[PDB]
Amino acid sequence: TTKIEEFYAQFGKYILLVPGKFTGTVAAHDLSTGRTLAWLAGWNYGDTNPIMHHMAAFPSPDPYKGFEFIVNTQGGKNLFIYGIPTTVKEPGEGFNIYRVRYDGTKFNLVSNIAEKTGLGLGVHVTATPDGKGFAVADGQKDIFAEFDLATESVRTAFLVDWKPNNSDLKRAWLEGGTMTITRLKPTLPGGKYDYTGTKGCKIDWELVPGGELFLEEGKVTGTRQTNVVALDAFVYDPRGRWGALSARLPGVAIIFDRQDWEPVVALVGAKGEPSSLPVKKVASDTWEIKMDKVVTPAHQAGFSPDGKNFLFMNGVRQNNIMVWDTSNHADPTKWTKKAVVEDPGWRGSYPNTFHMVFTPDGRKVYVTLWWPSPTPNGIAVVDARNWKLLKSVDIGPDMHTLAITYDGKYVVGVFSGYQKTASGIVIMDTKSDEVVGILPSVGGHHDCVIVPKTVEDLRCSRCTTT
Amino acid sequence: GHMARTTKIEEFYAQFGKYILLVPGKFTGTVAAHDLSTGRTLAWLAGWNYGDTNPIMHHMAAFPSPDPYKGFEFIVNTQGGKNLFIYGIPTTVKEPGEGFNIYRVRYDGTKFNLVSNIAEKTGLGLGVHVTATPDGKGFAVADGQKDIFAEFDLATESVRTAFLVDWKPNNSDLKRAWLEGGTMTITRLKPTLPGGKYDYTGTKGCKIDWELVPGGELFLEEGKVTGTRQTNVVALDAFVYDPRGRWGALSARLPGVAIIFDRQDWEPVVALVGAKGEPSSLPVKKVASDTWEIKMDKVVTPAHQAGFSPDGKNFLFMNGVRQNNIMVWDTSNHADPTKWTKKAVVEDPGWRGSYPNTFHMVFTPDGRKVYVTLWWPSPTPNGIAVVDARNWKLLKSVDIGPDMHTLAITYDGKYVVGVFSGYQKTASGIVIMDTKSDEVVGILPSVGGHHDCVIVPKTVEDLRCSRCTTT
Ligand SMILES: N#C[Se-]
Ligand SMILES: [Cu+2]
Ligand SMILES: [Cu+2]
Ligand SMILES: [Cu+2]
Ligand SMILES: [Cu+2]
Ligand SMILES: [Cu+2]
Ligand SMILES: [Cu+2]
Ligand SMILES: [Cu+2]
Ligand code: NA
Ligand SMILES: [Se]
């Protein structure tokens, strides 16, 4: 009695790319036909702990004929944080960064940029606005780098360290401290860094949502637990020049000048705190930020497509969407707080607002509402002119990332079952803000992207927000 | 006017009723259950998370559950060793994991739980077809590198019987080792290790270093498959069950024979010979208390997929490559399989080349139609043949996509659900066909290399058209 053709025909020709987290795979699906075009399983290549984590794809003149993307993995004890009763004793080290190319037929594993450069980074991957480079951060090592895609080389890498005012773990961020940013230099032959695999870790796994409390309460193992800032992502100003490096635990977004590779200002997420803190150069490769206190952690961070707003989602101790007027492209030290999105139903850690996507016209922003089991996770729909919550919709357990078709007609999200229960791809019509359907997905995905065609598409892909 | 309005998927899924589709992923290393009523994947498990470093998740069968949404159980097995190297994935792994695990998995209404590894306990590492017994209380696994099969008790996870099958070729030259006939020996095995354990863990016992891939039976003849006992292979595939009980048929790809076993005294009783123009059957000769022989003057063609119809009165065996057809026997004589005779053969002019191979199947519960996949190597689209299972006449053939494997059917008979698998590298999907109109109603995405799929049954009557009666 009913065929699926009319459901798929509504979407136009877009390709959804997903990593699978504990499944270990990456896959591209054709939204016009329902077919999985291609997939790749990391363990087939001898990666024994292929926790396929974050990714971003580059503009392709015709994604159907071919496209390329970066996907990274985590490793070590990250295998142990989702309650899977595995007896594995010595997990694969992980922290790979894979370049993958779809050739119209299959995926090709082109290179391991982590092996090539020495930097093993496991958290967010983002494409630069020109589609010619990409960044990866890691929140266990607190390093990030920007890479040149053509030469697979490091343009810059930085370490970020916390020196707490109070050495007591419970009080290590609340009572403030000094954040030190160091521009790194390779230490090994051939210009290679020494951070492959688990090397450089301050803590033995990435913090989960609300994890900051777990860290403070001594539930996370590691050799440098009070020196962690939990770098998350380096998201890009669509107008060029600037990138914002999110630091979860101090709740700061450090803005970098990508032309001379120095930090220029620190935005402070918490409501009631100043717009920003100055960055002080104290040696030729070293800068500091002094914080008397840290009111709350923050996590999701991103620019609107026009680059004139920057968002940072405060979580745990405060719970809201902080908005800065970044319309002055010349000078980020003048970026200032302009609005905060709040709701009576949003307090403390959950929901955690931890991924977003804007409409291409910048009218609305869709934001994930994450909770631990068993509260239903969903999508919040925010008016992004007036900065007000419009609507919330329940989807399924453990909601992760949101992408948008480049015509702005459909949001496409993924939920991931905490790596063990229900999972799926969800598609929401941006006119009605109603779910039109869910497709099956064998994935624990913490990411998803729609393969972009132009640099303009990146403005609402994995470049400007995570 | 092509984009006049939004469409919701609800009506599409509502038509299927409450059925749960399970799939293994071959090179993806996963198993997953999908709720056809909502589109949601209820749960999945990735073998590598548990320390299985070569989880080639190959075949599975599920047991009847009074409410699959609240819980069910299934068996899925794996291959291992150099099987990782045979689908053109350019991995540089040097020493792949041993594999050949047989995992018992239970869905608890929320997640899958790995309950046990039957292969570790019994010492039988077997990596080809898994089939549920008709009572839903046991299962069989066969392996086509080691040429062994066993039936297991589910409750005790113990081995009820295991047999080796070996080939002694009349002509010792690989190229003619089957064509010119030979003797097949069937041996009832006895465990050799303490704890009543067999000595066939991992790759141990393999005659060839990797499986004969779909369509690839004759690669061994051509010198393309390495191994220590190359010309002694029969490539056992499946033990499929008579739904009337007592009998099971053991398929042996390279001799193109199905050996009928009596499950009540564990002895083979007759060998059905697949090839068109050859006799319906050959006798089995007992030559020692634990040993039987079948003698063949020639082997005309290999064969692969096999099954009984739901009523048990027809048995099908698919000849492939040197002939592509569906061979059908009249099995209506439940008392004596030595009287089972060929009664029809489905052929088609479009099937005269090397490919397509008539491949996996599923019958309608009422027995009136059987659906049979049509396999080809890249790049020809694979499809589904709709066969009239009363007159034994091809009715229709529909193109689906690359590397089509198994078919399942909702148990009210209304939809066939199949999987295609991209040769572990290109397009993959779940395909759903309406059995009233025999049209494809849609494809859903699938991250899978699946060579199997089942819909979780509620009763032993449902097993008559699940992974029990046919592959
Ligand atoms: N039997 C198989 Se693919
Ligand atoms: Cu993040
Ligand atoms: Cu996420
Ligand atoms: Cu994540
Ligand atoms: Cu139109
Ligand atoms: Cu088979
Ligand atoms: Cu198959
Ligand atoms: Cu197979
Ligand atoms: Na190491
Ligand atoms: Se995430």
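For the numbers below, each heavy atom of this structure counts, side chains included, while hydrogens, waters and symmetry mates do not. Order of the sequence lines sets the chain letters (A, B, ...), proteins ahead of strands, with each chain counted from 1.
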Of all heavy-atom pairs between B/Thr28 and A/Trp43, which one has the smallest distance, and what is that distance? O-NE1, 3.1 Å

Tightest non-hydrogen contact, residues A/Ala41 and B/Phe27, listed as CB-O, 3.3 Å

[X] versus chain A, the contacting section by heavy-atom distance below 4.5 Å:
{"X": "B/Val440", "answer": "backbone"}
{"X": "B/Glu439", "answer": "side chain"}
{"X": "B/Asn54", "answer": "both"}
{"X": "B/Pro55", "answer": "both"}
{"X": "B/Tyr423", "answer": "neither"}
{"X": "B/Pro379", "answer": "neither"}
{"X": "B/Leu84", "answer": "side chain"}

Contact class of A/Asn44 relative to chain B, heavy atoms under 4.5 angstrom: both

Do A/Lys420 and B/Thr110 have side chains that get closer than 4.5 Å, going by heavy atoms?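 When only atoms from C-beta onward are counted, B/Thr110 and A/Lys420 do not touch, as no gap falls below 4.5 Å.
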
Is the shortest side-chain heavy-atom distance between B/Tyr50 and A/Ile84 below 4.5 Å?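 B/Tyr50 reaches A/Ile84 side chain to side chain.
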
Quick check for you: among [options], which has the greatest number of heavy-atom pairs under 4.5 Å with chain A?
{"options": "B/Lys414, B/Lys111, B/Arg40", "answer": "B/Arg40"}
{"options": "B/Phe112, B/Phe420, B/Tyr107", "answer": "B/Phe420"}
{"options": "B/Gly29, B/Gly442, B/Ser378, B/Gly448", "answer": "B/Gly448"}

To the nearest 0.5 Å, tell me how far B/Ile443 CD1 sits from A/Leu439 CG.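 Rounded to the nearest 0.5 Å, the CD1-CG separation comes to 12.5 Å.
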
